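Student: Before I ask anything, let me first share the structure, which is written out below as C-alpha cells.
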C-alpha cells in the first residue's frame, strides 16, 4: 500500500507590485475555462523600462534586457522580445527588466510580457502605436515564431481589459459577466510537482462551449438557478469530456487529477466544480473555502492518493479577478489585490 | 463502482412451539431440490382450535378464524380455508388460530395450513376423515381454486411423514436423509430482492428424480466422490435452470447463481446450491452455518453480484422436520430450535 503524509503547510500573501515601485507597467496573466473563455487574474507580468541613451538604437539588439527570469528556452524568448521591440520603432536605447512573466502553470506567457512592455514604452516616448496596431504587431510576432497560443485574440482582449467586469469568450457580444460568479466562488489553480511547466497547449475551443460558458456566467446572477448549469458544473462537464475525448490523449496527471477531483466534488460541498488542464487543475470552491486548512489538506491528500507516481508537493493559488494592463504609479499601485497561495509538502511512500 | 458494507449481523434461535404451550397441531413446511424432491424442515405451521359452540355449524362462515398472519391476497386464503372446513363436515363451531403459515420464501403454504387444521380437528371431535379422504379433499380444494403447487402429492407426503428418514421424491421412489444430514447444513438464503409472492416455475422429471434419489443414497459412502453427491447434483440442476430454454429466470436468480458459483469455487465449506424464485438453497459442510466469517463472505458475494442494491440477506438453517402431529406437553420438545442469521447491508454507488 501507500502512506500519504503532510510534511508542511505554508500559506503566503504578497503584494509584488509594491516591491518594484523610468516607467513601470503591468499586464495580467490569464487562466482559461472550457477552452473557450479567458479570465485576467490577480497575477501579472511587470516591466520596468529606463532610457539609458537619448538616441536612435543601432538595432533592437542594443537595448539591455535584464536578468530575464530563468525558464525553458529563454533564449527563444529573447528573440521574440527583440523582434517585438524592432516593430515598436523606438527612438531611445533602453534598459528593460521583466518580473513575474510565468503563468499559473509556470509557463512563460508571451502575450502579457509584450503588452506590459508596450504599455511601458507608450508612457516613455512619443509615437508609440495604438491598440489596433499593437494587435497587428503581436499577430506578426506570433506567426513569425510559430507560437502556439490558442484563442490568442481572446487572450489579448483579456489582457487589455482585465476581468473585473467580463470573462473573454471567443467571438461568435460573446463575453459574459464575472460579478456574480466572483461573489459566490473562490477560483483556485491547483498544481502538483508532476504537472508540466513546459508544454504545447492542447485546447479545443468551440462555439458550443463558448455559448455554454457565457450562459453559465450570466446565470450566476439568478440565485434560483440550478447548480448543474452554473460555471462550476460546466467546467466539470467539460473536464469529463476532455479526458474521454477521441481527438485528445490526456496526460497521466490529467487523468489522475480527474479521478481525485471527481471524488472530492462528490464528498465535499465546498468543492463545486473543476477542470483538469495540462498545467494543473482549475477548481471552483465556495467563497472563502480557500482559507479552510482542513479542506485544502483533504484536496491535497486526495490528489496524492490517486496520482500513480508519488507527489512531493501540491500548490494552491487563489485567483481573484485582475485589472487590464496599465502603467503603474504610486496613485494606482493599490488597485492590485494581494496574491494568496498555500503549498503543501507531501510524502507518498510505499509501505509494508 | 459500488461499496458493500455490513451494517449488522443478527443471529437468533427460537422454539416457537413452546410459546403456544383446546388443541394445538403442527404441520412442517418444506423445501425442494432439483424440482423433484421435497424435504420437511424444522419450520411449521401451527393451528390452535377450540370449540366455542357445541352445535352443528350453520355454514363454514360461522367459525371464527382469528387474524391470519398478514400476506398477499389473504382474503383468498380465507376462502380456501372456508371451503376446506366445509369439506371436513364439522359438528361444532370453532375459534381457530393460525401461526407461522409462511414458508422459507415468505410465501403462504396452503398444504401445511390445511393439514395442521385437519390434525387439530382430528383430535377435537369424533368422525373426522382419515388420511385417504383428506388427500381427496385437498385435491378438490387445490383444483377448485386452481392453486399452482407443483408435485402436490410429494409435498403432501412430506408434510404427513416428515423427513427425519426420507426425502419425498415424485412417484415413478424416496431416498434416505440419514447420511446427507450427518454431513451437511442445509441453509435457505434470501435477499430483500427475492419475491415473497410468485407462481412456482418448476420442472420436475423422472430423470431428476432418479439423480436425486441416487445422490441421497450415495451419501452413505465416505469414499463416494462429491461430483455425484447431493450438493453437486443441486448445483448441476441450478446451472441448467438458469440456462433452460423453456424458462426465463429472474434477474435475482441469475445474479444469485453467479455469486454462488464464485463462492463454491473459493470456499470448501460451500458444497453446492440451487437458485430458486424465493431464494437459494445452499448445502454447507456440517456446522458451517455457525461460522460468522463464512456467512458474511456469502452475503458480500451475493450483494456484490446483485445488479440492484441489496439491503439484507437472511440465512435459515433447515434441520429435518417430523411429520404433522398434535402437539402435547409430552412431545413439545421434539421440535428443534429454529436458527437464523440476518445481515443488514448497504450497497452504495461511489466515486
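Chains as they are written, first to last, in my numbering: chain A, 338 to 689; chain B, 22 to 372. For each residue, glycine too, the CB sits at the ideal point set by N, CA and C.
#1: Suppose only complete runs of 3+ residues qualify. What are the beta strand (DSSP E) ranges in the region 498-566 of chain A, listed by chain order?
#2: Which whole runs of the alpha helix (DSSP H) in the region 341-427 of chain A are 4 residues long or more, in chain order?
#3: Would you check if the region 199-216 of chain B and the region 168-183 of chain B touch, i.e. whether three or more CB-CB distances between them fall below 8 Å?
#4: Starting from the beta carbon of residue 643 of chain A, find every residue of chain B whose beta carbon is closer than 9 Å, and list them in chain order.
#5: Determine, for residue 604 of chain A, whether the minimum Cβ-Cβ distance to residues of chain B falls below 9 Å.
#6: Consider the C-beta atom of residue 38 of chain B and the heavy atoms of the ligand GTP; say whether any pair is separated by less than 8 Å.
#7: Should residue 654 of chain A be labelled buried (16 or more other beta-carbon atoms within 10 Å of its own) or exposed?
#8: To the nearest whole angstrom, what separates the beta carbons of residue 59 of chain B and residue 175 of chain B, a pair I think is in contact under 8 Å?
#9: Buried or exposed for residue 29 of chain B, please, with buried defined as at least 16 other CB atoms from any protein chain shown within 10 angstroms of its CB.
#10: Determine, using beta carbons only, whether residue 350 of chain A comes closer than 9 Å to chain B.
#11: If you run the structure through DSSP and keep just helix, strand and coil, what is residue 621 of chain A?
#12: According to the Cβ coordinates, are residue 198 of chain B and residue 133 of chain B closer than 9 Å?
#13: Are the beta-carbon atoms of residue 162 of chain B and residue 104 of chain B separated by less than 9 Å?
#14: Anything in chain B within Cβ reach of residue 599 of chain A, meaning under 7 Å, just list it in chain order.
#15: For residue 685 of chain A, which residues in the same chain have their Cβ closer than 7 Å to its Cβ, ignoring the five residues on either side in sequence?
#16: Going by DSSP, what residue range makes up the alpha helix (DSSP H) through residue 141 of chain B?
#17: Can you tell me which of the three DSSP states residue 596 of chain A falls into?
#18: Spell out a yes or no on whether the region 104-121 of chain B and the region 77-84 of chain B are touching, meaning 3 or more CB-CB pairs, one atom from each, closer than 8 Å.
#19: Taking Cβ positions, are residue 538 of chain A and residue 615 of chain A nearer each other than 9 Å?
#20: Rounded C-beta distance between residue 441 of chain A and residue 659 of chain A? I'm assuming under 8 Å.
#21: Tell me, to the nearest whole angstrom, how far the beta carbon of residue 301 of chain B is from that of residue 210 of chain B; I am working on the premise that it is less than 8 Å.
#22: Exposed or buried, which one is residue 354 of chain B when buried takes at least 16 other CB atoms within 10 Å?
#23: Ignore the nearest five residues each way along the sequence and tell me which others in residue 612 of chain A's own chain have a CB closer than 6 Å to its CB.
#24: Would residue 608 of chain A pass as a contact of residue 598 of chain A if the rule is Cβ separation under 9 Å?
#25: Using a Cβ-Cβ distance cut-off of 9 Å, determine whether residue 527 of chain A contacts chain B.
#26: Over the uninterrupted alpha helix (DSSP H) stretch that includes residue 152 of chain B, give me the two end residues.
#27: Taking all protein chains shown into account, decide if residue 431 of chain A is buried (16 or more other Cβ within 10 angstroms of its Cβ) or exposed.
#28: Taking all protein chains shown into account, decide if residue 644 of chain A is buried (16 or more other Cβ within 10 angstroms of its Cβ) or exposed.
#29: Compare the C-beta of residue 620 of chain A against all C-beta atoms of chain B and say whether one is closer than 9 Å.
#30: Less than 8 Å between C-beta atoms, sequence neighbours within five positions excluded: which residues of the same chain meet that for residue 285 of chain B?
#31: When you compare each of B:113, B:317 and B:270 to residue 85 of chain B by their alpha carbons, which one comes out closest?
#32: From residue 374 of chain B to residue 177 of chain B, what distance separates their C-alpha atoms?
#33: What is the DSSP secondary structure of residue 309 of chain B, reduced to helix, strand or coil?
#34: Straight-line CA distance for residue 462 of chain A to residue 475 of chain A?
Tutor: Let's see:
#1: Within the region 498-566 of chain A, the complete beta strand (DSSP E) runs of at least 3 residues are 503-506 and 522-529.
#2: If we require 4 residues or more, the alpha helix (DSSP H) runs fully inside the region 341-427 of chain A come out as 353-357 and 411-425.
#3: Segments in contact, no.
#4: Residues of chain B passing the Cβ test: none, with the nearest at roughly 10 Å.
#5: Interface residue, yes.
#6: With respect to the ligand GTP, the structure shown offers nothing to examine, as it has no ligands at all.
#7: It is buried - the Cβ of residue 654 of chain A has at least 16 other Cβ atoms within 10 Å.
#8: That belief holds up - the Cβ atoms of residue 59 of chain B and residue 175 of chain B are roughly 5 Å apart, short of 8 Å.
#9: Classification of residue 29 of chain B: exposed, given that the 10 Å Cβ count is below 16.
#10: It does not: the Cβ of residue 350 of chain A has no partner Cβ on chain B nearer than 9 Å.
#11: Note: residue 621 of chain A maps to strand in three-state DSSP.
#12: Not in contact: residue 198 of chain B and residue 133 of chain B (Cβ atoms no closer than 9 Å).
#13: Yes, Cβ-Cβ distance for residue 162 of chain B and residue 104 of chain B is below 9 Å.
#14: Below the 7 Å Cβ cutoff, chain B contributes 372 as neighbours of residue 599 of chain A, in chain order.
#15: Contacts found: 339, 341, 641, 647 and 648.
#16: Unbroken alpha helix (DSSP H) run through residue 141 of chain B: 131-143.
#17: Helix at residue 596 of chain A.
#18: Counting C-beta pairs closer than 8 Å gives three or more between the region 104-121 of chain B and the region 77-84 of chain B, which meets the contact rule.
#19: The Cβ-Cβ distance between residue 538 of chain A and residue 615 of chain A falls below 9 Å.
#20: In this structure, residue 441 of chain A and residue 659 of chain A do not form a Cβ contact; the two beta carbons are roughly 12 Å apart against a cut-off of 8 Å.
#21: Taking the Cβ atoms as the reference, residue 301 of chain B lies roughly 4 Å from residue 210 of chain B, within the contact range of under 8 Å.
#22: By the 10 Å Cβ count, residue 354 of chain B comes out exposed.
#23: Closer than 6 Å at the Cβ level, and outside the excluded window around residue 612 of chain A, lie 572, 575, 576 and 619.
#24: A contact, by the Cβ cut-off of 9 Å.
#25: Not closer than 9 Å to any Cβ of chain B, the Cβ of residue 527 of chain A fails to qualify, so no.
#26: Unbroken alpha helix (DSSP H) run through residue 152 of chain B: 152-165.
#27: Classification for residue 431 of chain A: buried.
#28: Counting Cβ neighbours within 10 Å, residue 644 of chain A comes out buried, since at least 16 surround it.
#29: Not one chain B Cβ lies under 9 Å of residue 620 of chain A.
#30: The residues are 256, 291, 292, 293 and 294.
#31: Taking only the C-alpha atoms, the option nearest residue 85 of chain B is B:113.
#32: It is not possible to answer for residue 374 of chain B, since the shown part of chain B is limited to 22 through 372.
#33: In the three-state DSSP reduction, residue 309 of chain B falls in the helix class (H, G or I).
#34: Between residue 462 of chain A and residue 475 of chain A, the C-alpha separation is close to 20 Å.
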